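First, one chain by itself in structure tokens, the form deposited in one PDB entry.
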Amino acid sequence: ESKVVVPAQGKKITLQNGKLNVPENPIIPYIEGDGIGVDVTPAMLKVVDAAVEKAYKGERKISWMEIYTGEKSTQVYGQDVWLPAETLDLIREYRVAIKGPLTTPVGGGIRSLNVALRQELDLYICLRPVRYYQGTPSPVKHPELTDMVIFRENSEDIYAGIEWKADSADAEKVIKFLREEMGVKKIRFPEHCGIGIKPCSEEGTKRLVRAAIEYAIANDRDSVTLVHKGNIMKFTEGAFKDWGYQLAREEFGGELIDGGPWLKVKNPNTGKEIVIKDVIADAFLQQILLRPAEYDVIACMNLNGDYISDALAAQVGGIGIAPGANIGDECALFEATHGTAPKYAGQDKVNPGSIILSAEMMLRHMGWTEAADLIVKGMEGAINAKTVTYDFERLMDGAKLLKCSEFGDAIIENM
């Protein structure tokens, strides 16, 4: 049977014509998450409820509905149930959901549950905004210069999970086919050799870049940068870059700037010129440290987006406070972006900032911008007050050490 309880009071969010219809009493599924999920999720629930309560004076209220994935799912549904079918059904049915960090088992041939959720629900946009909160300790001199939004492709690239183990019958079969049927001469050592496949498609690329450009338009951003390693991977990474520029030209009236290759796209709402440009991935990892102010919206493939989002989070001292969304055409899943940190689980110690800012993204996605703004306001005030969790406090002079739950309260206090 199902162990999920549909809330008595509460109504389902619907989708008509690519627009969400959010009732005053939306049911929002949430996954508590394993490890420190037990610490950060309740802090998130309280902070969100408070922002919603304050923003709309009791007129609106989320009906939270617990659903399962990860270690907790095995405890609820039994031994080998890490990702129950009903969880996929419920996220699609209720349109908007949030999760803590997840335990994926090792030794049982199971692939990342985070990636499973993204792929099964076709949540092809991994959306990671990275900004600086004044007062956050940072290893760089000018973290305030970083204000970027990463659009990471979620459905393709080496993340597809297509690979075969060295010395397996399947690997030999693939290698045999490549060498004998495809005439491949470039495998340096064809014995005891693992093999992985990297796909990149026009449709996959264009739906991702389309979203990145519409976002820049909607939020009056200054540029979209395609980041790629196309000089070495001509037909995957290079094709991503070419398809990206082509989409700009074909759907958004992009026009050559000078002799190229950059394009200008006219914001139909503000008349601002949005620059469409590109940077090679290795150079980009240097540019985000050396010239962060020159970058805004980023569009890139799965693996590059993984690396870029994490490298940027570290700049802004945001390793434990980086928000994230996974968005598709039919539903969306917001998430803590850190791991399960089991050594601290239950100690009410870790930073709930990441999952709280993903909840800020969730509220904004719902059109509840007022409540979202209150969360941003609360976060800004609490950090500026130097009333923070251990991860910040240990890097600061004369700050005040707060528990996880207490930092949640400090956010509410600063709304």
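Residue numbers here begin at 1 and follow the sequence given.
The same protein also has a form deposited in another entry, omitted here; what follows describes it.
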Quick note, rigid-body hinge between this form and the one not shown among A382, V96, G320, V47 located at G320
Quick one: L363 and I274 C-alpha atoms, closer or farther in that other deposited form compared with this form (3 angstroms or more)? closer
Relative to what is shown, are the Cα atoms of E370 and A216 closer or farther apart in that other deposited form, where the gap shifts by 3 Å or more? closer
